[PDB]
Amino acid sequence: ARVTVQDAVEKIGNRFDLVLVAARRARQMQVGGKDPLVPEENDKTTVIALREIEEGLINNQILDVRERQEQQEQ
Amino acid sequence: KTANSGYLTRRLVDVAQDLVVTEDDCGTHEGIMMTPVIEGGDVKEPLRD
Amino acid sequence: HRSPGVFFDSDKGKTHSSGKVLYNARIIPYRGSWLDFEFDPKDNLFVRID
Amino acid sequence: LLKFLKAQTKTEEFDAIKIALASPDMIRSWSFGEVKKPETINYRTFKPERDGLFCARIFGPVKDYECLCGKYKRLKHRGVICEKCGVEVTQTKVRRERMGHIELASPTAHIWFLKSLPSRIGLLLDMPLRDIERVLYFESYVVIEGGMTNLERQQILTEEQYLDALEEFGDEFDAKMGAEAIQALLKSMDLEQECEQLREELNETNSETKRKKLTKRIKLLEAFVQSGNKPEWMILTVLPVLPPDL
Amino acid sequence: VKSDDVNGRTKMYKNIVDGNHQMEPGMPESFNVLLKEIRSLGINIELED
Amino acid sequence: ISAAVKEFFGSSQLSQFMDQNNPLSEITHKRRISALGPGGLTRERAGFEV
Amino acid sequence: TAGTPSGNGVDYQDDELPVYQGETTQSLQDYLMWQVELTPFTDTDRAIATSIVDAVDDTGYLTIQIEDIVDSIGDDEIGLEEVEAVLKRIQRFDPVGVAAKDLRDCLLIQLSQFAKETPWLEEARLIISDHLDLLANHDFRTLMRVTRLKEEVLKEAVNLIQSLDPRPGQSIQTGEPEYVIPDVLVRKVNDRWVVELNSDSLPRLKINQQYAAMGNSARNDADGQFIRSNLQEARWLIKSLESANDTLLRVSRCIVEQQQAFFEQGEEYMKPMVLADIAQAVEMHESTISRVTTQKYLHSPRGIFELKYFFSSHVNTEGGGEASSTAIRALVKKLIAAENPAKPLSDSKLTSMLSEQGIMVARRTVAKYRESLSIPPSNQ
DNA sequence: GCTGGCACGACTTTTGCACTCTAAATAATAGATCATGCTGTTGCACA
RNA sequence: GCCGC
DNA sequence: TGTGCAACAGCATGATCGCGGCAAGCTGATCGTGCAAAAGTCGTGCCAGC
Ligand SMILES: [Zn+2]
């Protein structure tokens with residue numbers, strides 16, 4: 001549970017782009033074909049994506065590359 | 001007075017709604033001079049504010 | 001409500017922005033048409049019926 | 001002929017809403033029929049009256065994929081026009097979309113363009129809005145053409161003057177007291193020669209009084225020329241009607 | 001959707017029941033009513049592509 | 001006659017349900033003076049001095 | 001009025017330019033399509049579901065045939081094998097038993113969803129529903145021998161059968177419009193049975209039309225005089241309404257004076273009133289009077305509410321002069337109702353009794369009268 | 001032999017086509033506030 | 001008509 | 001020195017005047033017509049089932 005997303009905002013600093021990046025990651029974890037990269041503490045995919053962004057292992061560029069790698073795999 | 005204030009707010013919103021920050025830096029050298037608000041011998045607004 | 005009768009007013013003296021106070025007279029009946037007497041800035045009697 | 005998806009395709013890509021005047025042909029293009037009876041429905045059978053304001057032959061059906069008189073009532077029938085009644089089998093929501101049109105048997109003027117302080121018809125005519133209002137309601141005549149006689153192109157001769165001209169001029173005098181007169185003299189105008197002549201005058205003579213009126217006239221004339229409209233479309237000889245469900 | 005999108009409402013409800021949470025927005029019916037009302041005057045208003 | 005009488009008594013501006021929350025509320029409604037109504041003045045037509 | 005009912009709840013759209021707007025309502029098909037959207041179906045399955053939901057009647061039954069459903073699709077690999085599967089899936093919806101082919105299907109589907117330990121489930125699952133349904137319609141005395149079971153157990157097997165819902169799908173149906181009647185023509189009982197016309201509102205429309213049209217014309221703010229714009233339109237409106245009211249009142253008066261025998265004493269004293277009979281009475285064409293009397297209703301202390309009922313052109317070749325079948329129909333109903341427990345009421349016997357009473361009616365004519373609203377009490 | 005739902009020749013009902021024909025009486029008063037265009041009035045320069 | 005401004 | 005033109009004051013008209021919520025409170029339709037044309041129906045007699 002994350003009351004404040006400051007850390008996530010400062011990881012990639014716009015306060016607007018992060019909301020999108022987190023929506024993309026949350027769609028990935030919710031619709032299917034993705035598993036969290038951080039331990040799951042019975043919390044929702046929204047805050048899971050926010051915590052992954054805060055930990056520094058999720059950003060728009062990696063979503064673009066991981067997508068490219070998984071498209072080349074198929 | 002509540003109406004008179006709401007009509008003013010409507011007019012201001014409708015005149016100003018089309019303003020978004022769409023650039024990072026324009027590079028212009030134009031500006032405005034800023035001085036403290038001194039009225040006669042009494043000051044209300046320092047330069048810092 | 002306003003009682004029927006005759007009443008005199010001055011519209012506060014700010015109509016023409018010239019500082020001219022305009023005086024008017026009015027007759028109200030219980031039922032029927034109304035009667036008005038007014039003063040123009042040129043000081044001429046005017047009657048506004050109904 | 002099944003699995004059709006019309007609700008999905010109802011959302012179509014778009015951009016840059018435009019607005020313009022509607023020609024009579026454009027109005028007829030929208031229309032799915034003509035309204036001729038001021039009766040929406042009949043209490044005899046509690047059905048939408050034929051050729052009325054609320055009708056089923058136009059505007060579409062009234063109950064799902066069934067049609068009036070029950071000749072074709074199922075979804076198996078699609079786009080079928082019954083012989084007894086022109087009602088077509090449909091979802092019936094089309095009652096919010098189909099428009100319909102009514103003829104005026106006589107041209108009338110749009111209050112949108114007539115009755116406004118910067119009246120586009122009156123300013124285009126240049127003649128006063130009071131004159132147009134008097135002509136529009138048959139109080140006075142406005143002669144047109146009449147080059148041979150002494151009458152001007154935009155004369156405001158009244159009934160007595162009309163009788164005098166008929167006694168004296170006889171032929172060559174063309175005056176109408178209706179909205180057809182304004183449409184006729186709106187059609188006869190040539191925008192290019194008129195606007196150019198006004199521009200030639202505007203630049204030849206300079207005065208702070210006439211400059212504003214001349215500039216406004218050049219602006220409006222160019223608007224019409226640069227827009228593709230036709231000044232005769234202000235007056236309308238037809239009339240669209242709203243879909244019944246609205 | 002959730003106001004005047006007739007198809008968007010049902011699509012959103014189905015997605016929420018399925019646990020998808022995707023808006024898939026369309027066009028409000030009020031704007032269509034406005035277009036019909038304006039066309040019912042002598043004015044032609046259209047959506048370009 | 002009956003139509004006019006019932007029109008006045010039933011559907012009129014000064015005719016309305018008496019507040020029955022309390023006896024005092026009913027008394028206040030009974031002793032109440034209004035400047036509006038048919039022969040009165042409308043709300044927007046009123047001014048500060050009225 | 002000794003007592004007055006409270007005003008019915010009404011509404012009108014406030015603070016909205018298109019006044020009164022409207023309100024959506026839920027129907028049987030609307031509630032069934034809502035369930036279709038929320039169940040896992042494929043594209044073709046959804047298309048079939050919509051096709052068979054469109055064919056569901058207000059009762060919730062499937063009016064169109066399954067083969068006709070397959071024909072409507074007109075798509076390969078959409079044979080009745082999968083149409084049946086989608087149909088069963090839809091039948092297992094919230095109004096259980098909806099969209100059923102016939103009465104047997106409703107009961108079979110309803111009985112499928114039970115505890116499977118019901119005391120007489122299997123006794124009535126197929127033995128009574130899927131077989132010998134006509135016997136259950138009848139006394140089913142021989143059904144006990146047919147099913148090799150005692151009458152005692154059947155006495156509650158049929159109880160469970162009746163516990164099953166007869167017509168499922170009309171429960172979700174709302175029913176807000178009561179179709180009440182204002183009874184435009186109230187008539188009362190006096191020394192000669194006078195009649196009156198209510199709800200005219202002609203003076204009300206006259207006063208409003210005056211205050212609007214003639215009010216604007218009399219308002220001297222506008223130049224000239226509006227003596228022809230609306231002043232001679234309100235007059236036309238008043239004349240039209242008054243003419244319609246007078247025509248209706250005169251026609252109803254003629255009907256009442258002719259059918260006073262119906263209202264007086266017993267009801268079934270109708271003369272076979274033909275359109276020409278009143279047409280000559282008012283010296284006016286029958287068609288204009290007919291159109292008038294199509295949906296106009298009268299308020300009676302005992303009489304039926306409907307002008308068209310009095311016409312009964314049914315001379316029936318009755319013995320002395322002529323008579324009316326509606327009166328004859330009431331006589332037949334009363335006679336058949338008051339009979340022995342056997343109640344033969346044979347169409348030949350009933351016709352003979354009617355002829356003895358003085359109504360020379362054919363044997364088959366009485367049969368059509370009986371079959372109109374009744375069934376032969378074991379007359380076969 | 002007894003009984004119970006199908007057709008037929010008069011009668012009856014419905015339906016477009018079709019052109020119809022006064023004085024009363026109701027409210028103003030009691031929002032200002034601003035912008036714009038039309039019309040009559042007056043100062044200024046010319047032959 | 002009332003409630004929160 | 002009498003005259004025509006452009007700038008200006010007075011008047012009439014149009015447009016605008018906050019946001020949410022709860023009550024109680026309610027509108028009609030008309031011809032008509034006669035006339036055949038058409039559709040529809042009623043009293044009556046059929047053949048098939050018990
Ligand atoms: Zn049809």
# chains A, B, ... in the order shown; residues from 1 in each chain; ligands from 1
call {"tool": "interface_residues", "arguments": {"of": "chain G", "to": "chain D", "cutoff": "10 Å", "atoms": "only C-alpha atoms", "output": "ChimeraX atom specification"}}
result
/G:18,21-22,43-44,46-48,50-52,54-55,64,68-75,291-296
call {"tool": "interface_residues", "arguments": {"of": "chain H", "to": "chain F", "cutoff": "10 Å", "atoms": "only C-alpha atoms (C1' of nucleotides)", "output": "list in words"}}
result
residues 29, 30, 31 and 32 of chain H
call {"tool": "write_last_selection", "arguments": {"atoms": "N, CA, C and O atoms (P, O5', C5', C4', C3', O3' and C1' of nucleotides)", "output": "PDB file, in the first residue's frame"}}
result
ATOM      1  P    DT H  29     -43.580  47.350 -15.976  1.00  0.00           P
ATOM      2  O5'  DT H  29     -43.734  48.249 -14.643  1.00  0.00           O
ATOM      3  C5'  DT H  29     -44.259  49.594 -14.766  1.00  0.00           C
ATOM      4  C4'  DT H  29     -44.545  50.144 -13.391  1.00  0.00           C
ATOM      5  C3'  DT H  29     -43.336  50.235 -12.468  1.00  0.00           C
ATOM      6  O3'  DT H  29     -42.552  51.400 -12.700  1.00  0.00           O
ATOM      7  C1'  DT H  29     -45.127  49.235 -11.308  1.00  0.00           C
ATOM      8  P    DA H  30     -41.088  51.154 -12.084  1.00  0.00           P
ATOM      9  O5'  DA H  30     -40.516  49.851 -12.867  1.00  0.00           O
ATOM     10  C5'  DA H  30     -40.882  48.511 -12.430  1.00  0.00           C
ATOM     11  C4'  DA H  30     -39.861  47.982 -11.453  1.00  0.00           C
ATOM     12  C3'  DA H  30     -39.913  46.469 -11.238  1.00  0.00           C
ATOM     13  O3'  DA H  30     -38.597  45.920 -11.247  1.00  0.00           O
ATOM     14  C1'  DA H  30     -40.207  47.604  -9.158  1.00  0.00           C
ATOM     15  P    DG H  31     -37.933  45.983 -12.711  1.00  0.00           P
ATOM     16  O5'  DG H  31     -36.577  45.174 -12.561  1.00  0.00           O
ATOM     17  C5'  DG H  31     -36.154  44.769 -11.275  1.00  0.00           C
ATOM     18  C4'  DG H  31     -34.941  45.546 -10.823  1.00  0.00           C
ATOM     19  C3'  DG H  31     -34.685  46.826 -11.597  1.00  0.00           C
ATOM     20  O3'  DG H  31     -34.004  47.772 -10.788  1.00  0.00           O
ATOM     21  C1'  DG H  31     -33.065  45.154 -12.167  1.00  0.00           C
ATOM     22  P    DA H  32     -34.200  49.343 -11.061  1.00  0.00           P
ATOM     23  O5'  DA H  32     -32.723  49.863 -11.375  1.00  0.00           O
ATOM     24  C5'  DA H  32     -32.028  49.370 -12.509  1.00  0.00           C
ATOM     25  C4'  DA H  32     -30.751  48.668 -12.094  1.00  0.00           C
ATOM     26  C3'  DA H  32     -29.490  49.247 -12.694  1.00  0.00           C
ATOM     27  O3'  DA H  32     -28.383  48.924 -11.874  1.00  0.00           O
ATOM     28  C1'  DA H  32     -29.933  47.136 -13.677  1.00  0.00           C
TER      29       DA H  32
END
call {"tool": "interface_residues", "arguments": {"of": "chain G", "to": "chain E", "cutoff": "10 Å", "atoms": "only C-alpha atoms", "output": "PDB file with C-alpha atoms, in the first residue's frame"}}
result
ATOM      1  CA  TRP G  34     -28.689  -8.108 -20.520  1.00  0.00           C
ATOM      2  CA  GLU G  37     -24.166  -9.918 -22.705  1.00  0.00           C
ATOM      3  CA  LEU G  38     -22.852 -11.144 -19.332  1.00  0.00           C
ATOM      4  CA  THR G  39     -22.462 -14.829 -20.206  1.00  0.00           C
ATOM      5  CA  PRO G  40     -19.472 -16.319 -22.063  1.00  0.00           C
TER       6      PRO G  40
END
call {"tool": "atom_distance", "arguments": {"atom1": "atom CA of residue D:152", "atom2": "atom CA of residue D:129"}}
result
18.4 Å
call {"tool": "residues_around", "arguments": {"residues": "residue D:135", "least_positions_apart": "4", "cutoff": "12 Å", "atoms": "only C-alpha atoms (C1' of nucleotides)", "output": "ChimeraX atom specification"}}
result
/D:109,114,122,127-131,139-143,154-159,175-183
call {"tool": "write_last_selection", "arguments": {"atoms": "N, CA and C atoms", "output": "mmCIF file, in the first residue's frame"}}
result
data_model
loop_
_atom_site.group_PDB
_atom_site.id
_atom_site.type_symbol
_atom_site.label_atom_id
_atom_site.label_comp_id
_atom_site.auth_asym_id
_atom_site.auth_seq_id
_atom_site.Cartn_x
_atom_site.Cartn_y
_atom_site.Cartn_z
ATOM 1 N N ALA D 109 -38.754 33.283 -45.215
ATOM 2 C CA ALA D 109 -37.435 33.766 -44.828
ATOM 3 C C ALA D 109 -37.056 33.160 -43.487
ATOM 4 N N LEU D 114 -32.795 36.906 -40.939
ATOM 5 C CA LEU D 114 -33.552 38.143 -41.080
ATOM 6 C C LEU D 114 -33.479 38.977 -39.808
ATOM 7 N N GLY D 122 -30.116 41.708 -44.606
ATOM 8 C CA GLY D 122 -30.287 43.170 -44.716
ATOM 9 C C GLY D 122 -28.983 43.880 -45.033
ATOM 10 N N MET D 127 -29.973 47.652 -47.922
ATOM 11 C CA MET D 127 -31.196 48.385 -47.647
ATOM 12 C C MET D 127 -31.696 48.051 -46.249
ATOM 13 N N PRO D 128 -32.388 48.989 -45.596
ATOM 14 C CA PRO D 128 -32.629 48.861 -44.153
ATOM 15 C C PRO D 128 -33.468 47.646 -43.792
ATOM 16 N N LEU D 129 -33.246 47.152 -42.569
ATOM 17 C CA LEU D 129 -34.007 46.016 -42.064
ATOM 18 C C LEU D 129 -35.492 46.340 -41.965
ATOM 19 N N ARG D 130 -35.835 47.603 -41.704
ATOM 20 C CA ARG D 130 -37.239 47.999 -41.692
ATOM 21 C C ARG D 130 -37.876 47.793 -43.060
ATOM 22 N N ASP D 131 -37.153 48.145 -44.125
ATOM 23 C CA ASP D 131 -37.662 47.941 -45.477
ATOM 24 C C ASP D 131 -37.892 46.462 -45.759
ATOM 25 N N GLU D 139 -46.678 44.504 -46.907
ATOM 26 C CA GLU D 139 -47.129 45.873 -46.690
ATOM 27 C C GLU D 139 -46.749 46.773 -47.856
ATOM 28 N N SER D 140 -45.598 46.519 -48.475
ATOM 29 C CA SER D 140 -45.116 47.337 -49.577
ATOM 30 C C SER D 140 -44.452 46.448 -50.616
ATOM 31 N N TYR D 141 -44.264 47.007 -51.805
ATOM 32 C CA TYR D 141 -43.630 46.312 -52.914
ATOM 33 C C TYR D 141 -42.168 46.720 -53.032
ATOM 34 N N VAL D 142 -41.397 45.882 -53.718
ATOM 35 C CA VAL D 142 -40.024 46.200 -54.104
ATOM 36 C C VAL D 142 -39.890 45.809 -55.574
ATOM 37 N N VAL D 143 -39.766 46.807 -56.445
ATOM 38 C CA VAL D 143 -39.641 46.542 -57.871
ATOM 39 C C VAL D 143 -38.240 46.019 -58.152
ATOM 40 N N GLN D 154 -33.972 48.844 -56.504
ATOM 41 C CA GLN D 154 -34.434 48.501 -55.164
ATOM 42 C C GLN D 154 -35.437 49.526 -54.649
ATOM 43 N N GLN D 155 -36.395 49.902 -55.492
ATOM 44 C CA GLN D 155 -37.414 50.860 -55.092
ATOM 45 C C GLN D 155 -38.310 50.264 -54.012
ATOM 46 N N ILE D 156 -38.881 51.140 -53.188
ATOM 47 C CA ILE D 156 -39.704 50.718 -52.061
ATOM 48 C C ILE D 156 -41.126 51.234 -52.273
ATOM 49 N N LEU D 157 -41.549 51.290 -53.534
ATOM 50 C CA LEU D 157 -42.877 51.790 -53.865
ATOM 51 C C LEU D 157 -43.958 50.991 -53.147
ATOM 52 N N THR D 158 -44.958 51.702 -52.638
ATOM 53 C CA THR D 158 -46.042 51.115 -51.868
ATOM 54 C C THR D 158 -47.182 50.708 -52.800
ATOM 55 N N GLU D 159 -48.336 50.382 -52.214
ATOM 56 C CA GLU D 159 -49.471 49.918 -53.006
ATOM 57 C C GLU D 159 -49.984 51.011 -53.938
ATOM 58 N N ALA D 175 -42.679 43.907 -59.723
ATOM 59 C CA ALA D 175 -42.671 44.079 -58.279
ATOM 60 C C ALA D 175 -43.494 42.978 -57.633
ATOM 61 N N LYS D 176 -42.946 42.384 -56.574
ATOM 62 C CA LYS D 176 -43.633 41.359 -55.802
ATOM 63 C C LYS D 176 -43.624 41.765 -54.337
ATOM 64 N N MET D 177 -44.725 41.499 -53.640
ATOM 65 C CA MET D 177 -44.858 41.910 -52.249
ATOM 66 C C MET D 177 -44.510 40.809 -51.258
ATOM 67 N N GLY D 178 -44.040 39.650 -51.719
ATOM 68 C CA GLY D 178 -43.782 38.527 -50.848
ATOM 69 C C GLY D 178 -42.301 38.255 -50.628
ATOM 70 N N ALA D 179 -42.042 37.158 -49.913
ATOM 71 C CA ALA D 179 -40.678 36.683 -49.724
ATOM 72 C C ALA D 179 -40.064 36.170 -51.017
ATOM 73 N N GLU D 180 -40.884 35.889 -52.032
ATOM 74 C CA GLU D 180 -40.345 35.496 -53.329
ATOM 75 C C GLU D 180 -39.619 36.652 -54.003
ATOM 76 N N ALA D 181 -40.012 37.891 -53.702
ATOM 77 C CA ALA D 181 -39.315 39.044 -54.264
ATOM 78 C C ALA D 181 -37.880 39.121 -53.762
ATOM 79 N N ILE D 182 -37.686 38.934 -52.455
ATOM 80 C CA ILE D 182 -36.346 39.007 -51.882
ATOM 81 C C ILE D 182 -35.478 37.873 -52.406
ATOM 82 N N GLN D 183 -36.046 36.672 -52.527
ATOM 83 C CA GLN D 183 -35.296 35.566 -53.114
ATOM 84 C C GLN D 183 -34.931 35.856 -54.565
#
call {"tool": "residues_near_ligand", "arguments": {"ligand": "ligand 1", "cutoff": "6 Å", "atoms": "only C-alpha atoms (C1' of nucleotides) and all ligand atoms", "output": "list in words"}}
result
residues 67, 68, 69, 70, 71, 82, 84 and 85 of chain D
call {"tool": "residues_around", "arguments": {"residues": "residue D:36", "least_positions_apart": "5", "cutoff": "9 Å", "atoms": "only C-alpha atoms (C1' of nucleotides)", "output": "ChimeraX atom specification"}}
result
/D:51-53,102-103
call {"tool": "residues_around", "arguments": {"residues": "residue C:10", "least_positions_apart": "2", "cutoff": "6 Å", "atoms": "only C-alpha atoms (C1' of nucleotides)", "output": "short mmCIF file (atom, residue, chain, number, x, y, z; two decimals) with C-alpha atoms, in the first residue's frame"}}
result
data_model
loop_
_atom_site.label_atom_id
_atom_site.label_comp_id
_atom_site.auth_asym_id
_atom_site.auth_seq_id
_atom_site.Cartn_x
_atom_site.Cartn_y
_atom_site.Cartn_z
CA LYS C 12 -33.13 58.85 -7.63
CA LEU C 22 -36.75 63.61 -13.05
CA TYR C 23 -40.03 63.73 -11.11
#
call {"tool": "select_by_dssp", "arguments": {"residues": "chain C", "states": "strand (DSSP E)", "output": "PDB file with N, CA and C atoms, in the first residue's frame"}}
result
ATOM      1  N   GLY C   5     -53.902  54.642  -4.957  1.00  0.00           N
ATOM      2  CA  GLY C   5     -53.823  56.067  -4.674  1.00  0.00           C
ATOM      3  C   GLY C   5     -52.878  56.744  -5.650  1.00  0.00           C
ATOM      4  N   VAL C   6     -52.308  57.859  -5.203  1.00  0.00           N
ATOM      5  CA  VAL C   6     -51.376  58.644  -6.003  1.00  0.00           C
ATOM      6  C   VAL C   6     -50.037  58.688  -5.278  1.00  0.00           C
ATOM      7  N   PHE C   7     -48.954  58.513  -6.033  1.00  0.00           N
ATOM      8  CA  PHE C   7     -47.607  58.467  -5.483  1.00  0.00           C
ATOM      9  C   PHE C   7     -46.668  59.264  -6.371  1.00  0.00           C
ATOM     10  N   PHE C   8     -45.718  59.954  -5.751  1.00  0.00           N
ATOM     11  CA  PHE C   8     -44.738  60.768  -6.451  1.00  0.00           C
ATOM     12  C   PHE C   8     -43.342  60.214  -6.199  1.00  0.00           C
ATOM     13  N   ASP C   9     -42.546  60.119  -7.262  1.00  0.00           N
ATOM     14  CA  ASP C   9     -41.203  59.562  -7.181  1.00  0.00           C
ATOM     15  C   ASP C   9     -40.241  60.463  -7.943  1.00  0.00           C
ATOM     16  N   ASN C  24     -41.867  62.171 -11.297  1.00  0.00           N
ATOM     17  CA  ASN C  24     -43.015  61.546 -11.933  1.00  0.00           C
ATOM     18  C   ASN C  24     -44.128  61.350 -10.916  1.00  0.00           C
ATOM     19  N   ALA C  25     -45.354  61.278 -11.428  1.00  0.00           N
ATOM     20  CA  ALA C  25     -46.539  61.021 -10.627  1.00  0.00           C
ATOM     21  C   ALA C  25     -47.271  59.820 -11.201  1.00  0.00           C
ATOM     22  N   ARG C  26     -47.938  59.075 -10.326  1.00  0.00           N
ATOM     23  CA  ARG C  26     -48.535  57.798 -10.685  1.00  0.00           C
ATOM     24  C   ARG C  26     -49.842  57.615  -9.932  1.00  0.00           C
ATOM     25  N   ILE C  27     -50.851  57.072 -10.607  1.00  0.00           N
ATOM     26  CA  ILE C  27     -52.151  56.800 -10.005  1.00  0.00           C
ATOM     27  C   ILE C  27     -52.427  55.307 -10.118  1.00  0.00           C
ATOM     28  N   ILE C  28     -52.686  54.663  -8.984  1.00  0.00           N
ATOM     29  CA  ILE C  28     -53.030  53.244  -8.966  1.00  0.00           C
ATOM     30  C   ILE C  28     -54.479  53.092  -8.518  1.00  0.00           C
ATOM     31  N   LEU C  35     -52.177  55.449 -14.810  1.00  0.00           N
ATOM     32  CA  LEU C  35     -51.930  56.788 -15.323  1.00  0.00           C
ATOM     33  C   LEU C  35     -50.564  57.257 -14.851  1.00  0.00           C
ATOM     34  N   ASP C  36     -49.812  57.882 -15.752  1.00  0.00           N
ATOM     35  CA  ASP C  36     -48.466  58.338 -15.445  1.00  0.00           C
ATOM     36  C   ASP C  36     -48.283  59.768 -15.922  1.00  0.00           C
ATOM     37  N   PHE C  37     -47.546  60.549 -15.144  1.00  0.00           N
ATOM     38  CA  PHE C  37     -47.082  61.868 -15.545  1.00  0.00           C
ATOM     39  C   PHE C  37     -45.583  61.932 -15.297  1.00  0.00           C
ATOM     40  N   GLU C  38     -44.817  62.294 -16.322  1.00  0.00           N
ATOM     41  CA  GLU C  38     -43.364  62.273 -16.232  1.00  0.00           C
ATOM     42  C   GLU C  38     -42.785  63.595 -16.711  1.00  0.00           C
ATOM     43  N   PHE C  39     -41.523  63.818 -16.357  1.00  0.00           N
ATOM     44  CA  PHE C  39     -40.765  64.981 -16.795  1.00  0.00           C
ATOM     45  C   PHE C  39     -39.562  64.519 -17.602  1.00  0.00           C
ATOM     46  N   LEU C  45     -44.343  68.173 -19.909  1.00  0.00           N
ATOM     47  CA  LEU C  45     -45.255  67.191 -19.338  1.00  0.00           C
ATOM     48  C   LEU C  45     -45.516  66.060 -20.325  1.00  0.00           C
ATOM     49  N   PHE C  46     -45.334  64.828 -19.857  1.00  0.00           N
ATOM     50  CA  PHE C  46     -45.593  63.637 -20.652  1.00  0.00           C
ATOM     51  C   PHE C  46     -46.540  62.727 -19.888  1.00  0.00           C
ATOM     52  N   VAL C  47     -47.469  62.107 -20.608  1.00  0.00           N
ATOM     53  CA  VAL C  47     -48.470  61.225 -20.019  1.00  0.00           C
ATOM     54  C   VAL C  47     -48.288  59.840 -20.615  1.00  0.00           C
TER      55      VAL C  47
END
call {"tool": "atom_distance", "arguments": {"atom1": "atom CA of residue G:248", "atom2": "atom CA of residue G:283"}}
result
14.0 Å
call {"tool": "select_by_dssp", "arguments": {"residues": "chain A", "states": "alpha helix (DSSP H)", "output": "ChimeraX atom specification"}}
result
/A:6-11,17-31,45-54,60-73
call {"tool": "atom_distance", "arguments": {"atom1": "atom CA of residue G:158", "atom2": "atom CA of residue G:171"}}
result
22.5 Å
call {"tool": "residues_around", "arguments": {"residues": "residue D:48", "least_positions_apart": "4", "cutoff": "10 Å", "atoms": "only C-alpha atoms (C1' of nucleotides)", "output": "number ranges by chain"}}
result
D: 39-43, 52-57, 61-62, 68
